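1. Sequence, then the experimental structure. Questions to follow.
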Amino acid sequence: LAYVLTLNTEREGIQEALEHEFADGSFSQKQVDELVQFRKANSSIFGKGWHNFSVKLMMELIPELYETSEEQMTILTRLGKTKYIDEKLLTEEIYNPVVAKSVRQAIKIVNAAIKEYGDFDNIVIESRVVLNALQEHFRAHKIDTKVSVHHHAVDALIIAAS
Amino acid sequence: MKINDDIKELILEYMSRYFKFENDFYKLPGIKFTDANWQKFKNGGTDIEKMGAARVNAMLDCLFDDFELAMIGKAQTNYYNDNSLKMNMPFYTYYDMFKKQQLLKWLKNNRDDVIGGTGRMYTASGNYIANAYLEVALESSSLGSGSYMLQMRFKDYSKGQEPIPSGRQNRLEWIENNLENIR
Amino acid sequence: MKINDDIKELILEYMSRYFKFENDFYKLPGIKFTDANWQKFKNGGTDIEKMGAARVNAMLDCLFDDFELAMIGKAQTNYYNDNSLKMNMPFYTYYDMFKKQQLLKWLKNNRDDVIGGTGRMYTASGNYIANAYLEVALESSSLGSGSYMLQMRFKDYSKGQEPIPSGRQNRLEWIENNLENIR
Amino acid sequence: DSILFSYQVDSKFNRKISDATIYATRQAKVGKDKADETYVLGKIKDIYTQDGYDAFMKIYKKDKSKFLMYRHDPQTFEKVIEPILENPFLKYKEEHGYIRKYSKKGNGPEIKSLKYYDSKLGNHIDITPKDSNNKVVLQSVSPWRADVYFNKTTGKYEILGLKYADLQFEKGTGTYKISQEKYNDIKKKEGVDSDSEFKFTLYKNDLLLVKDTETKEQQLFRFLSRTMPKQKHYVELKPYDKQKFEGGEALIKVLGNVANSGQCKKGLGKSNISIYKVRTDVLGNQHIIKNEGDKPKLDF
Amino acid sequence: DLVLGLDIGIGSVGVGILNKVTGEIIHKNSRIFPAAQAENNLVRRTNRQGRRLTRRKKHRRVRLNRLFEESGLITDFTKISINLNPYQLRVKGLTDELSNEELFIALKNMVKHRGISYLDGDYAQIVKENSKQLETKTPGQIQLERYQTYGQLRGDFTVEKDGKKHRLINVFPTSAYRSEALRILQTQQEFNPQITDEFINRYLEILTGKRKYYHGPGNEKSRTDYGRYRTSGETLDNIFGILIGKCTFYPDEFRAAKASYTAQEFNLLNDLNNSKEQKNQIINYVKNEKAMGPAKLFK
RNA sequence: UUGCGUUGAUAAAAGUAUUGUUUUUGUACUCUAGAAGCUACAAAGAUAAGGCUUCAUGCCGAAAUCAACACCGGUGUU
DNA sequence: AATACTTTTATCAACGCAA
């Protein structure tokens, strides 16, 4: 009922979500009309947003919260392509269109160079997303490679020397 | 076919039908008239039977489809064998009658393979006329790469300001309802 | 269509195919060569694109059917757009390939309307050649008075001394069995 | 200067074919006319603003017979230039109201806009309606790619040009392609002979190699477009190292020098010339081709 | 043994690779691509939605032709005179008899220009002044009055009255058009008996019918990827329901709503934990007993 | 690096309204019921060229994706 | 081919509470 009332914002969406998602609900019309006027009454409180967690993990965690005074990141600490590199991370993490384009063309350059020559240990990029991406791919592929974050060709040559 | 004065009248009629300024036509590559020579050709001066073969074939190739030149030959066979046709109507009116007889045979025998579309015609300067004519083809007779073996070419003379609809069913219904307005 | 040197080779090939003495052809009414001028045309002297329009159209009208000139135009469209065809085979061999593709489409789609017959060709002196070619038509596309809209024209190159049989079923079986010997 | 570059190719086919603005043309006699000609019309949107008066006096100090009212209602134009003598249109508006036309009484229509003969007709698309009287066009028609042909009986290259508006959704199945007969018309207009051999096709930012036959020189270009559509085979090129060609810089012997603006509009339809196409890797490994395939790609 | 280096820019990457034990260049290169402009997607989106508006206007006129031909009032639509004043017939048919062809003219002109419906800030002040005018007349009477008084009817145009100057505009709400069409159709129903009540419900459905912003385009058999009738055969209920985000650790589960029991007990627990008996005591106290607040919770 | 509560910037997608440009027609203005098609107002048609089937609260068309070719997500060369 | 409105979803920053 919270899902149906949060997402839908007017009468027909609320009504047909209450009639169609609650299987064999058999709701009356009076309570539908009063939920319509209730959603109309609170727009600043009820159209707040969506919680960053899911109901599966939170139903995993609401009983556990009580018995110990423990915080969420430490609680989750306590509970715990085959050669080429993916386009998953670079198509998902988009800050700008410009950053997305430039980093994916650079990663195509990177993987062409690692196909042609061989193995590596030092990769230099003139941020942290691409860093831990390459670091986890190289640990998962068991390769010790340290990635660290005319004119541009010369400058890349200079920082490859540096 | 046969090249004579009736072919000259048919050429001038279909040029006045598809092109709206005459200098869109007589300056095409392969045809390539000049202004004084075009006035000589148009106003009865030059005999069409002693001209170049490639120029008259280029004019006929621009104005007519490949199936339509065959229908010109067949209507020329039927026309010069009757005194009613020869002494009553000019040749381009009988060619219109022959063409609509073939269209009605297409609509009667196999109605569910008649397709159509909007035809596009290049001028002398490279720019085309969008919507110059109406193409009507049989979909069974396709050669490949967008070519059809049996294909005709019409022009609508309606007085209403509503365009031909798109889609197979809607355009087929328009063609069946406006069978006196196209020519 | 387009008039060029390939049309000259096609004309000379089909003249050597249907007529057995060349002076049966070049003295026809409407064509009307002379002996020195025919040797000028044949041996590469005269360019075909600046001749009279009526003479070249009379030669093409004698050697080809009305549907076959349309197929010449369509094969000319397809031929000059490919380097395999343009740099391997001459134009009359590709026109033969196009013609037999159309015949096979006729035999596959509607086999029970294919009729045929013996073709007869008039010489320059008024006397005809009986059995000059083989006519193949579709019986559904009849205009009247013995004319057919879709009609093709072949010649058999068999090595056996047995003639084509008569009757619809027997001649259709002969055409289906000798599909590599006609051309 | 042994550095290699690597560009990205632009080969998309359905882009902006033209403006969506519908223009009007008239047939008239303007300037140095020996015959009628077709003229794209224009319009001053409103004369009482600051821009409309400036555009009016610009047209007036260029040529007085460009205005359509100058040729179709002259005495009203005399009563238009009596205000411009003694002051301007805004002052007439704040004293006397709207500039009405000439009439017997004060009952003519008001004048807010004025049409004129703007320019001559260039690249367009004829979209004239059924029951119309003059031509109606769409302008700003962009180019897409080039097909390079070569014949042996002259020993020189010929160059085609396709636009975005030369393709079409077709009439039976809704595919995006160009027919073979319209392609034969485009081949005929650009001067390509029927018996030439198709070499390759060029998109924008596609690496071109020009070599000579008498003095063995080599130049490398980027292709841009198929400019100047009045005389044939002219191609616009761009450098391989930089972005511009500023100056009268020389390139090779037979081409010449760049013009004063900085644009490289050459004519590659000549003898004593030879063209290759370069297909680089993403690391810059130039591979040279001479024949692409058998036929140009026409169906998409 | 080799070291890779990249210089990342807006439209270029410069790249190199070395050996570092000798220091000779193994490769150098420059890769150049065009920039990621967001002005082109704005152009493409604007044109797509404008094309949809033009399409749906023409389809309203087509649906009106189909309704008028199905009920048998007019046979062909080629002899209709396009040179009659539609506002004069629209205000005349409120009390008199429209002659079966001027009724089609009046209804077609009314369906060509319906109104706004977001109302139910100078632009707001002008449309409220126009609503303050239309409380006693229909909008057809307003437009005919503006026509035969000032000569102009359309656009936004200013007129100098005797003592004041006011800019006029052609924007009315949809409710006024619906009221006027209902009045005209009831009077012509009193005159002409071929216009049944199902004709009036169908015409008013053509007139005031709009889509919902959470529906999108499409139909049951039209299968759009921009609307709720997805092209995979299913049918969504709200198209912003497949755009709601994922979980933070299990990237295949939908999120929860902030305004339920579960997230709210989780948030009070997270603010309370930085024992169990008074946790449950405070939780049942805040749950079941009312007149609540933060100062009251600290009390 | 991760969660909560505020407010700025942005991106993607959806629903509407009023003009603008342009064609015909009518009315006014002009010249002798005709003509010119300038200058206004009003209807109706079109609004990137076009195209589809299911017959309708119908649908698609201006972005990004990119070196080609041959053999089992990989594999070889100009 | 531009100017008026309505709505949804998501992401960056920075200002604090905690780790």
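-> Nice, I can see it. Residues are numbered from 1 along each chain as shown, chains lettered A, B, ... in the order given.
2. contacts, neighbours, all on C-alpha from now
-> OK.
3. Can you name the residues that contact the residue of the stretch 51-200 of chain D found nearest chain B?
-> At 4.7 Å from chain B, residue D:126 is the closest residue in the stretch 51-200 of chain D, using Cα to the nearest Cα. By Cα atoms under 8 Å, 6 or more residues apart in numbering or on different chains, the contact list for residue D:126 reads B:127-130, D:135-138.
4. filter these to the buried ones?
-> B:127-130, D:135-138 (16 or more other Cα atoms under 10 Å in any protein chain shown).
5. Out of the residues you listed, which sit inside strands?
-> B:128-130, D:136-138 (DSSP state E).
6. Mind picking the two most distant members of those residues?
-> Distance extremes for those: the farthest pair is B:128 and D:136 at 12.4 Å, using Cα to Cα.
7. before we move on, the earlier item: save the ones in strands among the buried ones among the contacts of residue D:126 as CSV, and put in distance to chain E too.
-> Output for these, formatted as CSV (distance: Cα to the nearest Cα, whole Å):
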residue, distance to chain E
B:128, 24
B:129, 23
B:130, 20
D:136, 21
D:137, 20
D:138, 17
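8. okay, the contacts of residue D:126 in CSV with distance to residue C:47 next?
-> Shown next, in CSV, are those (distance: Cα to Cα, whole Å):
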residue, distance to residue C:47
B:127, 32
B:128, 33
B:129, 34
B:130, 37
D:135, 41
D:136, 43
D:137, 42
D:138, 43
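9. which one of those sits closest to residue C:11?
-> Checking these against residue C:11 with Cα to Cα, the nearest one is residue B:128 at 34.9 Å.
10. How about the contacts made by residue 101?
-> Looking at chain A here, since you left the chain open. So residue A:101 contacts residue E:36 (Cα under 8 Å, 6+ apart).
11. meant chain E actually
-> Applying Cα under 8 Å, 6+ apart to residue E:101 gives the contacts E:74, E:80.
12. The residue lying closest to residue B:91 once chain neighbours are set aside - how many residues pack around it?
-> The shortest distance from residue B:91 to any non-neighbouring residue, by Cα to Cα, 6 or more residues apart in numbering or on different chains, is to residue B:6 (6.2 Å). By other Cα atoms under 10 Å in any protein chain shown, 15 other residues sit near residue B:6.
13. now swap in residue D:26 and tell me
-> Residue D:26, neighbours per other Cα under 10 Å, totals 17.
14. Go ahead and confirm it touches residue D:134.
-> Yes - here residue D:26 reaches residue D:134: they are 6.3 Å apart, a contact under Cα atoms under 8 Å.
15. Identify each of the helices in chain B and give its residue range.
-> Along chain B, the stretches classed as helices by DSSP state H are B:5-18, B:35-42, B:53-63, B:66-79, B:83-88, B:91-109, B:168-177.
16. actually chain A, not the one I wrote
-> A:2-7, A:11-20, A:29-41, A:55-61, A:64-67, A:72-79, A:88-92, A:97-116, A:128-140, A:151-161.
17. Deepest in the core, which of the ones you listed is it.
-> Neighbour counts (mean count of other Cα atoms under 10 Å in any protein chain shown) averaged over each of these peak at helix A:151-161, with a mean of 20.
18. that older thread, so the residue of the stretch 51-200 of chain D closest to chain B bridges to which residues?
-> Taking DSSP bridges as the rule, residue D:126 bridges to residue B:129, residue D:137.
19. looking at this, residue D:26 is in a strand?
-> Yes - assessed by DSSP: H, G, I helix; E, B strand; the rest coil, residue D:26 belongs to a strand.
20. now it: how far from residue D:64?
-> To residue D:64, residue D:26 is 17 Å away according to Cα to Cα, to the nearest Å.
21. cool, and residue A:76?
-> 83 Å.
22. And for residue E:113?
-> Residue E:113 is 42 Å from residue D:64, by Cα to Cα.
23. Spatially central residue for chain E, please.
-> residue E:213 (5.3 Å; Cα atoms, centre = their mean).
24. For stretch D:5-16, list every residue counted as buried.
-> Within stretch D:5-16, the residues that count as buried by 16+ other Cα under 10 Å are D:5-7, D:13.
25. er, stretch E:156-169 I mean
-> Using 16+ other Cα under 10 Å as the test for burial, stretch E:156-169 gives E:168-169.
26. Do I have it right that residue D:288 meets residue D:278?
-> Yes - between residue D:288 and residue D:278 there is a contact at 4.7 Å, judged by Cα under 8 Å.
27. okay, the two: which has more neighbours?
-> Legend: neighbour count by other Cα under 10 Å for residue D:288 and residue D:278, higher for residue D:278 (19 against 14).
28. now the helices of chain A in JSON lines, with distance to residue D:90?
-> Below are the helices of chain A laid out as JSON lines (distance: least, Cα to Cα, whole Å):
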{"stretch": "helix A:2-7", "distance to residue D:90": "56"}
{"stretch": "helix A:11-20", "distance to residue D:90": "54"}
{"stretch": "helix A:29-41", "distance to residue D:90": "53"}
{"stretch": "helix A:55-61", "distance to residue D:90": "69"}
{"stretch": "helix A:64-67", "distance to residue D:90": "77"}
{"stretch": "helix A:72-79", "distance to residue D:90": "72"}
{"stretch": "helix A:88-92", "distance to residue D:90": "58"}
{"stretch": "helix A:97-116", "distance to residue D:90": "48"}
{"stretch": "helix A:128-140", "distance to residue D:90": "62"}
{"stretch": "helix A:151-161", "distance to residue D:90": "56"}
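29. No further queries at this time; thank you.
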